[PDB]
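> The following block contains the structure, expressed as structure tokens.
Protein chains: 2
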Amino acid sequence: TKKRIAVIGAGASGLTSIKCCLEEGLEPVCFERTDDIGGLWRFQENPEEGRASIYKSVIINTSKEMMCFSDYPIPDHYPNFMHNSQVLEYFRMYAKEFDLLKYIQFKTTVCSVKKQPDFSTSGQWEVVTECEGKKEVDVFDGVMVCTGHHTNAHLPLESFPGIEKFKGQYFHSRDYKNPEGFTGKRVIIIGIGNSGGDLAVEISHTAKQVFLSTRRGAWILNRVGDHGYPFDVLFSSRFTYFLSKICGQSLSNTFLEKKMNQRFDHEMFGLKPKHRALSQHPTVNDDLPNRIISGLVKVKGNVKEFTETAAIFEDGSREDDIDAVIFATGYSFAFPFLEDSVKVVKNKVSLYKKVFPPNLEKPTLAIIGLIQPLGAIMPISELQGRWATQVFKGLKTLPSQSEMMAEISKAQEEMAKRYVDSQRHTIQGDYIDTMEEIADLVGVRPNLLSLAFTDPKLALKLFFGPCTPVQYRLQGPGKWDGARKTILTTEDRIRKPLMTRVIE
Amino acid sequence: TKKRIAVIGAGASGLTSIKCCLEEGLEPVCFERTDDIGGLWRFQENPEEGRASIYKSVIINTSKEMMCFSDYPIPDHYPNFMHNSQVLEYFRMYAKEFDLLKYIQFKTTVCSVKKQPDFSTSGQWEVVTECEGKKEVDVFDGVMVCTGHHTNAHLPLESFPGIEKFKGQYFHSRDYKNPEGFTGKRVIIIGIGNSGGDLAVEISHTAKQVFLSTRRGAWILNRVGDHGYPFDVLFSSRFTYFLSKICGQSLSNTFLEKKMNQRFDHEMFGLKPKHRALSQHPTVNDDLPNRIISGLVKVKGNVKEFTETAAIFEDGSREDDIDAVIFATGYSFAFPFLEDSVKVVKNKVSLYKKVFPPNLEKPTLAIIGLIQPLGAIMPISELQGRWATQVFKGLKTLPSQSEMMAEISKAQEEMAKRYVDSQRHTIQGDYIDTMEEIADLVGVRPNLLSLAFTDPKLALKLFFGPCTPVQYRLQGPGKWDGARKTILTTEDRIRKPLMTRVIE
Ligand SMILES: Cc1cc2nc3c(=O)[nH]c(=O)nc-3n(C[C@H](O)[C@H](O)[C@H](O)COP(=O)(O)OP(=O)(O)OC[C@H]3O[C@@H](n4cnc5c(N)ncnc54)[C@H](O)[C@@H]3O)c2cc1C
Ligand SMILES: Cc1cc2nc3c(=O)[nH]c(=O)nc-3n(C[C@H](O)[C@H](O)[C@H](O)COP(=O)(O)OP(=O)(O)OC[C@H]3O[C@@H](n4cnc5c(N)ncnc54)[C@H](O)[C@@H]3O)c2cc1C
Ligand SMILES: NC(=O)c1ccc[n+]([C@@H]2O[C@H](COP(=O)([O-])OP(=O)(O)OC[C@H]3O[C@@H](n4cnc5c(N)ncnc54)[C@H](OP(=O)(O)O)[C@@H]3O)[C@@H](O)[C@H]2O)c1
Ligand SMILES: NC(=O)c1ccc[n+]([C@@H]2O[C@H](COP(=O)([O-])OP(=O)(O)OC[C@H]3O[C@@H](n4cnc5c(N)ncnc54)[C@H](OP(=O)(O)O)[C@@H]3O)[C@@H](O)[C@H]2O)c1
Ligand SMILES: OC[C@H]1O[C@H](O)[C@H](O)[C@@H](O)[C@@H]1O
Ligand SMILES: OC[C@H]1O[C@H](O)[C@H](O)[C@@H](O)[C@@H]1O
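Here the protein sequences come in this chain order: A and X. As numbered in my numbering, residues 256 to 759 make up the first sequence, in order. As numbered in my numbering, residues 256 to 759 make up the second sequence, in order.
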């Protein structure tokens with residue numbers, strides 16, 4: 256009498272959502288609208304309808320040790336910050352090791368997920384799915400939604416009077432792939448998220464002049480941290496977490512801001528914003544400062560008005576003979592197949608722990624990977640998936656509707672106090688906070704106080720070292736044999752791919 | 256009556272050597288073998304015989320405020336680290352301001368410069384020159400040699416057994432221009448001078464894999480120094496100079512090395528050499544560490560042997576399916592037109608203050624810009640030129656042959672004690688030491704002790720601020736009226752091109 260779980264999407268979130276089903280003995284059916292896995296990380300030269308488009312050169316901004324699945328370490332020889340193709344290969348490896356591919360039926364789009372007539376007792380969903388033009392209806396005991404949130408382009412043309420008049424080319428970051436078409440041209444980038452940044456430096460290699468236009472400015476991080484350790488291996492350690500907690504937000508901020516200014520002074524470089532370090536989604540770009548100091552990227556304020564030829568800026572300055580404008584203005588999400596269960600408006604959604612609709616008579620619809628962490632999504636989707644599948648079996652249970660809604664509203668409230676008021680700051684999470692939060696719900700949070708005495712060597716690494724995901728496969732339901740071994744050898748794996756010449 | 260001076264070459268050194276002549280009332284004839292000025296900084300898509308070839312993307316590693324001519328500051332809006340095109344434009348500006356172009360005859364190569372029969376009394380040179388096939392002979396009262404030293408490729412194929420056997424492409428850095436010739440290829444770079452570095456990162460943008468092969472390793476700097484000030488504006492300040500002098504070499508070294516390790520640990524990154532920071536010509540690359548941590552540049556030891564397909568490395572590791580090898584193995588210099596007078600063998604020459612042959616009955620042959628400074632060459636060539644033209648008249652005089660040769664030998668000796676034993680470390684200079692040394696001989700060293708009392712505001716900048724070249728146009732022979740004004744506004748010009756977006 257095995258519960259059948261629909262997993263929608265076969266990216267990082269889909270893949271782990273299948274594994275998490277199999278591991279609690281549920282039968283996963285996985286629908287994936289394209290002809291392969293990886294979702295966002297499977298680069299193609301052309302954009303595809305209804306799946307995340309990326310550019311060829313993209314290198315992931317989260318260290319391999321911090322983004323691995325908890326029970327499947329990334330290979331020793333893989334670099335600390337992997338190219339999009341290496342992320343994809345690792346996903347393929349994950350899917351072979353846990354035999355996930357057979358449960359996927361590709362080329363299959365999910366049109367509709369409606370609670371059934373008997374939902375108040377059965378908790379079951381009517382999933383409708385088209386496949387090369389032929390419909391199909393099925394019933395399921397639970398649904399895990401693993402569609403992305405970097406798919407539907409946010410192209411706010413309405414807030415750029417005279418863009419309709421502009422006679423150069425202009426398009427969303429989505430459609431950017433390589434800089435060939437920009438040799439010796441003058442290009443404006445709108446927005447200073449990681450798309451803005453990546454494109455501003457890349458296009459500046461070929462282009463005559465790139466302008467990086469920001470309406471706010473940005474605090475700007477480097478993945479090459481102190482001593483060349485990955486910045487997230489350093490910042491996301493339980494010790495740094497504890498130091499942050501006693502020191503408070505505004506002092507943490509002053510530390511981080513003063514750190515970033517030592518690298519380059521955001522005021523002198525024209526990038527300094529009115530907000531604080533932790534009030535914005537981190538923009539990571541080690542190359543941007545060096546391009547700015549050479550004039551090949553020019554930091555600008557917001558474009559107020561476009562002509563046939565030019566941009567006018569909020570400060571009355573003007574830039575002429577503009578060949579192309581790219582809107583790195585980011586993405587909005589929605590659920591066309593769930594316009595009954597889950598509602599989103601301008602990236603505002605209400606979900607308990609970012610996962611469960613609170614207004615469900617049964618807890619049988621999980622939303623996986625709908626978070627913007629200061630960290631990797633894959634490891635959080637996995638914990639979301641461990642938890643999700645447990646409440647599908649009734650091994651764990653949700654609070655009452657009204658107390659779910661208090662936590663939801665409490666979260667939206669402090670997120671709104673903390674983060675700059677923009678559509679991209681609606682689902683922010685911190686990495687350690689989030690991993691612990693969901694780990695505690697699954698009962699796999701490592702007992703670090705006991706281990707202090709029962710194993711002082713492990714205990715030390717767990718605390719003073721990086722808060723690696725493998726940490727959450729030590730104890731509890733999904734307990735993994737080789738967690739302790741891998742957790743201790745985490746240094747070796749960070750160094751393996753860098754000691755390619757002997758020094759001694 | 257007024258002495259005629261042959262200036263050989265019309266790059267940075269030629270251009271300033273003409274101006275230095277005009278300013279001591281001498282008649283310059285300038286022979287340039289090419290059809291234009293700029294020498295090394297005039298990029299063309301094809302390499303040209305007997306003039307420095309560079310790559311399209313080259314950005315100068317010395318700050319604008321540290322490389323300007325002493326009496327012609329670079330415009331406000333020009334960036335702190337200029338692209339090769341902007342260096343060239345600035346030279347064109349210099350040549351307009353001081354009306355130098357009319358004294359150049361282009362397409363004219365100097366074949367021979369021989370001391371004349373009456374040289375022990377007349378001090379005159381037989382300069383022979385071909386111009387579109389037809390020779391021409393002339394006599395001169397002095398010769399300033401401004402041929403470069405980054406023209407004749409050093410391609411040491413003999414020390415790569417099996418390169419004759421290799422079936423991919425291979426060429427010297429000289430012939431490199433763009434990375435698009437390497438898309439999806441596996442490329443090995445020999446050498447980690449600035450060409451090695453530049454190409455290793457550039458080619459890694461298109462290439463499947465780049466390997467950066469060094470037989471030594473290298474200490475590696477960043478142009479974006481503390482708070483995003485140009486590193487040379489910070490390191491080359493009389494104050495830093497004095498701090499260095501009391502602390503000694505080994506302590507200075509430990510400071511610089513510990514500084515570079517904070518950015519990235521040269522041991523972990525596999526770049527750390529057995530020598531010290533100041534024992535090697537500085538390799539500057541802000542972008543290299545980020546490419547190494549992503550695997551797109553792989554640090555290797557020396558190639559011991561090439562096959563049809565592969566490189567074998569000094570540590571017995573092998574890399575297969577290698578499409579292309581670029582020898583960034585640097586340059587040798589020589590004087591084909593001066594074999595009678597000046598002897599150069601594997602970059603070892605004997606010249607008093609790097610300028611004067613010591614064995615000359617008259618001091619009427621100056622060698623301009625034959626130095627490898629921890630700084631800009633242009634400003635040193637200029638001071639060399641001020642001095643040179645003074646000793647051509649009778650304003651200044653050289654020591655006796657015997658005491659010149661003791662100083663020459665003393666210089667070669669301590670240079671050999673300090674620097675790693677290699678062809679490119681035969682003419683190393685320190686910037687401040689060298690500027691002061693030559694300034695003192697011209698009597699234009701600024702009297703900073705006097706100014707302490709005569710002008711404490713200026714005195715402070717001269718000491719605590721950057722040791723800008725304009726400093727040496729304050730007092731003495733060539734005195735410039737607008738020096739003090741520019742020296743004080745030096746911060747403004749560093750910031751002008753970076754505050755392109757409103758802060759307040
Ligand atoms: C340029 C860029 C860089 C990024 N870098 C990082 C990073 O460094 N670290 C990080 O943690 N995150 C990063 N992200 C965020 C990124 O989205 C996540 O890392 C990761 O892609 C999450 O994948 P997912 O499986 O949750 O969603 P996706 O990868 O988008 O997977 C969704 C899948 O569902 C399919 N699908 C869509 N609609 C349907 C439907 N109706 N029915 C069936 N299938 C459907 C899609 O075709 C796709 O295969 C980046 C995003 C971008 C755009
Ligand atoms: C990629 C690269 C980057 C560099 N970056 C820097 C830097 O950042 N800072 C720095 O200070 N230095 C740098 N250098 C060093 C460089 O040598 C100087 O910047 C500067 O260009 C030297 O100028 P020059 O006039 O001494 O030589 P060149 O510019 O080489 O001038 C030589 C001229 O003489 C002509 N010539 C040669 N032989 C004859 C002949 N027999 N008769 C007539 N004409 C002749 C040539 O055609 C040419 O016009 C760099 C070098 C390279 C290759
Ligand atoms: N691995 C990588 O290197 C990499 C590369 C690219 C992207 N990413 C990831 O991809 C995700 C989204 O990418 P993104 O950078 O395109 O998204 P983003 O962070 O939403 O970028 C949006 C940028 O555009 C600005 N903007 C938005 N609307 C605007 C308007 N109407 N007018 C003017 N300016 C406007 C934003 O300012 P506000 O602050 O006002 O919103 C912001 O600077 C992020 O999770 C990021 O981590 C990663
Ligand atoms: N503005 C810029 O960005 C820029 C760019 C490029 C060049 N430049 C300048 O132009 C000048 C030329 O520099 P470059 O990189 O062309 O040459 P370089 O400084 O002479 O360095 C050559 C490299 O090749 C190595 N090498 C030499 N012979 C070798 C051999 N037989 N086997 C293996 N390796 C060998 C050297 O090692 P050793 O240490 O053993 O000599 C060194 O690492 C330099 O002053 C540089 O600063 C500036
Ligand atoms: O059409 C979208 C764009 O694709 C690529 O990014 C090209 O470089 C660009 O020229 C083109 O306009
Ligand atoms: O933000 C206000 C306060 O928050 C925390 O309680 C800190 O311990 C304290 O030092 C800080 O001033």
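Don't be surprised by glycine CBs; every beta carbon is placed ideally from N, CA and C.
1. Using beta-carbon positions only, say whether A:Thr619 and A:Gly378 come within less than 7 Å of one another.
2. Please determine if the segment 750 to 757 of chain X and the segment 521 to 529 of chain A are in contact, where contact requires at least 3 C-beta pairs separated by less than 8 Å.
3. Go through the segment 562 to 635 of chain X residue by residue and report every complete run of the beta strand (DSSP E) that reaches 3 residues or more, in order.
4. Taking Cβ-Cβ distances shorter than 7 Å, what residues in chain A pair up with X:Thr755?
5. State the DSSP-derived secondary structure class of X:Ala694, mapped to helix, strand or coil.
6. Between the C-alpha atoms of A:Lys258 and A:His332, what's the straight-line distance to the nearest angstrom?
7. Considering only DSSP beta bridges, list what A:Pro328 is partnered with.
8. Assuming X:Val465 contacts X:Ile447 under a Cβ cut-off of 8 Å, what Cβ separation, rounded to an integer in Å, is found between them?
9. Determine whether the beta carbon atoms of A:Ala566 and A:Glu574 lie at a separation below 7 Å.
10. Since X:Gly266 meets chain A, which of its residues come closer than 9 Å, beta carbon to beta carbon?
11. X:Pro411: beta carbon under 6 Å from a heavy atom of ligand 4?
12. Within 7 Å of any Cβ in chain A, is that where the Cβ of X:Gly550 sits?
13. Roughly how many angstroms separate the alpha carbons of X:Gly585 and X:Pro411, rounded to a whole number?
14. Pick helix, strand or coil for A:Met348, following the three-state DSSP scheme.
15. So for A:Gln360, helix, strand or coil by DSSP?
16. May I ask you to list the residues that DSSP assigns as paired with A:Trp380?
17. Taking the beta strand (DSSP E) that X:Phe286 belongs to, which residues open and close that run?
18. How long is the line joining the alpha carbons of A:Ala631 and A:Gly403, rounded to whole angstroms?
19. Taking DSSP as the reference, what is the three-state secondary structure of X:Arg259?
20. Taking 6 Å as the cut-off, is the beta-carbon of A:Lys432 closer than that to any non-hydrogen atom of ligand 5?
21. So is A:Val342 in contact with chain X if we call contact Cβ pairs under 7 Å?
22. Below 8 Å between beta carbons is the criterion; list the residues of the segment 298 to 327 of chain X that meet it against any residue of chain A, in chain order.
23. Would X:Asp747 pass as an interface residue toward chain A - the criterion being a Cβ-Cβ separation below 7 Å?
24. Count the other CB atoms within 10 Å of the CB of A:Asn702; is the residue buried (16 or more) or exposed (fewer)?
25. Say whether the segment 288 to 296 of chain A touches the segment 260 to 273 of chain A, bearing in mind that this needs 3 or more beta-carbon pairs closer than 8 Å, one atom from each stretch.
26. Report buried or exposed for A:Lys390, applying the criterion of at least 16 other Cβ atoms within 10 angstroms of its Cβ.
27. Taking the DSSP output, what are the residues bridged to X:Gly684?
28. Going along the segment 612 to 637 of chain A in order, which residues come within less than 7 Å of chain X, judged by CB to CB distance?
29. How would you list, in chain order, the residues of chain A whose beta-carbon sits under 7 Å from the beta-carbon of X:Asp520?
30. Using beta-carbon positions only, say whether A:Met660 and A:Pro613 come within less than 7 Å of one another.
31. For the putative contact between X:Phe590 and X:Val400, defined by C-beta atoms under 8 Å, what is the C-beta separation to the nearest angstrom?
32. Taking the Cβ atom as the reference point for each residue, do X:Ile273 and X:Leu355 lie within a distance shorter than 7 Å?
33. Taking all protein chains shown into account, do 16 or more other C-beta atoms lie within 10 angstroms of the C-beta of X:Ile501, making it buried, or fewer, making it exposed?
34. At a CB-CB cut-off below 7 Å, which residues of chain X make contact with A:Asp541?
35. Using a C-beta cutoff of 7 Å, does X:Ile444 count as contacting chain A?
36. Is the beta carbon of X:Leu551 less than 7 Å from the beta carbon of X:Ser459?
Well, looking at it:
1. For the purposes of this step, residue 619 of chain A is taken as the residue at position 364 of the first sequence. For the purposes of this step, residue 378 of chain A is taken as the residue at position 123 of the first sequence. The answer is yes: Cβ separation under 7 Å.
2. Taking a contact to require three or more Cβ pairs closer than 8 Å, the segment 750 to 757 of chain X and the segment 521 to 529 of chain A qualify as touching.
3. Secondary structure remark: continuous beta strand (DSSP E) runs of at least 3 residues inside the segment 562 to 635 of chain X, in chain order: 566 to 568, 579 to 582, 620 to 622 and 627 to 629.
4. Locating residue 755 of chain X in the second sequence gives position 500, counting from the first residue. At a C-beta separation below 7 Å, X:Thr755 has these neighbours in chain A: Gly525, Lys553, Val554 and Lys555.
5. On the second sequence, position 439 is the one that residue 694 of chain X refers to. Helix.
6. Along the first sequence, read from residue 1 onward, the residue named residue 258 of chain A stands at position 3. Along the first sequence, read from residue 1 onward, the residue named residue 332 of chain A stands at position 77. Going from the Cα of A:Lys258 to the Cα of A:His332 covers about 40 Å.
7. Here residue 328 of chain A is taken as the residue at index 73 of the first sequence, counted from 1. Beta-bridge partners assigned by DSSP to A:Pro328: none are found.
8. Reading the second sequence from its first residue, position 210 is the one you call residue 465 of chain X. Reading the second sequence from its first residue, position 192 is the one you call residue 447 of chain X. Contact doesn't hold; Cβ gap of about 12 Å is too wide.
9. By 1-based counting over the first sequence, the position of residue 566 of chain A is 311. By 1-based counting over the first sequence, the position of residue 574 of chain A is 319. Going by C-beta atoms, A:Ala566 is nearer than 7 Å to A:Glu574.
10. Position 11 of the second sequence, counted from the start, is the residue given in the question as residue 266 of chain X. None at all; the shortest Cβ gap to chain A is about 22 Å.
11. Residue mapping note: residue 411 of chain X aligns to position 156 of the second sequence, counting from 1. Checking the Cβ of X:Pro411 against ligand 4 gives yes.
12. Reading the second sequence from its first residue, position 295 is the one you call residue 550 of chain X. Residue contact with chain A for X:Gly550: present (Cβ-Cβ distance below 7 Å to some residue of chain A).
13. Numbered from 1 along the second sequence, position 330 holds the residue referred to as residue 585 of chain X. Numbered from 1 along the second sequence, position 156 holds the residue referred to as residue 411 of chain X. One C-alpha to the other measures close to 10 Å.
14. Reading the first sequence from its first residue, position 93 is the one you call residue 348 of chain A. Helix.
15. Locating residue 360 of chain A in the first sequence gives position 105, where the first residue counts as 1. In the displayed model, A:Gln360 falls within a strand according to three-state DSSP.
16. Taking the first residue of the first sequence as 1, we reach residue 380 of chain A at position 125. Its beta-bridge partners are A:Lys370 and A:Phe395.
17. Translated into the one-based positions of the second sequence, residue 286 of chain X becomes position 31. It spans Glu282 to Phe286 - the beta strand (DSSP E) in which X:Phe286 sits, taken as one unbroken run.
18. In the first sequence, residue 631 of chain A corresponds to position 376, counting from 1. In the first sequence, residue 403 of chain A corresponds to position 148, counting from 1. Straight-line measurement puts the Cα of A:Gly403 at about 14 Å from the Cα of A:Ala631.
19. Within the second sequence, numbered from 1, the residue matching residue 259 of chain X stands at position 4. Note: X:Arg259 maps to strand in three-state DSSP.
20. The residue you call residue 432 of chain A lines up with position 177 of the first sequence. For ligand 5, a non-hydrogen atom lies closer than 6 Å to the CB of A:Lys432.
21. Position 87 of the first sequence, counting from 1, holds the residue named residue 342 of chain A. Cβ-Cβ to chain X under 7 Å: no for A:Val342.
22. Result list: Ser312 and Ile314.
23. Mapped onto the second sequence, residue 747 of chain X falls at position 492. Using a CB distance cut-off of 7 Å, X:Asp747 does not count as an interface residue toward chain A.
24. As a position in the first sequence, residue 702 of chain A is number 447, starting the count at 1. Flag for A:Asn702 reads exposed.
25. For the pair of segments examined, the segment 288 to 296 of chain A was found to touch the segment 260 to 273 of chain A: the number of CB pairs separated by less than 8 Å reaches three.
26. What you label residue 390 of chain A is simply residue 135 of the first sequence in a count that begins at 1. Under this definition A:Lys390 is an exposed residue.
27. Translated into the one-based positions of the second sequence, residue 684 of chain X becomes position 429. In the DSSP output, where bridge partners are listed per residue, X:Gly684 has X:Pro628.
28. Result list empty, no residue passes.
29. Sequence index remark: in the second sequence, residue 520 of chain X carries index 265 (1-based). Within chain A, the residues whose beta carbon sits less than 7 Å from that of X:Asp520 are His482 and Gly483, listed in sequence order.
30. On the first sequence, position 405 is the one that residue 660 of chain A refers to. On the first sequence, position 358 is the one that residue 613 of chain A refers to. A contact, by the Cβ cut-off of 7 Å.
31. Here residue 590 of chain X is taken as the residue at index 335 of the second sequence, counted from 1. Here residue 400 of chain X is taken as the residue at index 145 of the second sequence, counted from 1. So it is a contact: roughly 7 Å between Cβ atoms.
32. Counting from one through the second sequence, the residue named residue 273 of chain X turns up at place 18. Counting from one through the second sequence, the residue named residue 355 of chain X turns up at place 100. For X:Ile273 and X:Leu355, yes; Cβs fall inside 7 Å.
33. Translated into the one-based positions of the second sequence, residue 501 of chain X becomes position 246. Answer is exposed; the Cβ neighbour count stays below 16.
34. Sequence index remark: in the first sequence, residue 541 of chain A carries index 286 (1-based). The CB of A:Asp541 comes closer than 7 Å to the CB of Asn545 in chain X, given here in chain order.
35. Taking the first residue of the second sequence as 1, we reach residue 444 of chain X at position 189. Not one beta carbon of chain A lies nearer than 7 Å to the beta carbon of X:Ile444.
36. One-based indexing of the second sequence puts residue 551 of chain X at position 296. One-based indexing of the second sequence puts residue 459 of chain X at position 204. In contact: X:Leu551 and X:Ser459 (Cβ atoms closer than 7 Å).
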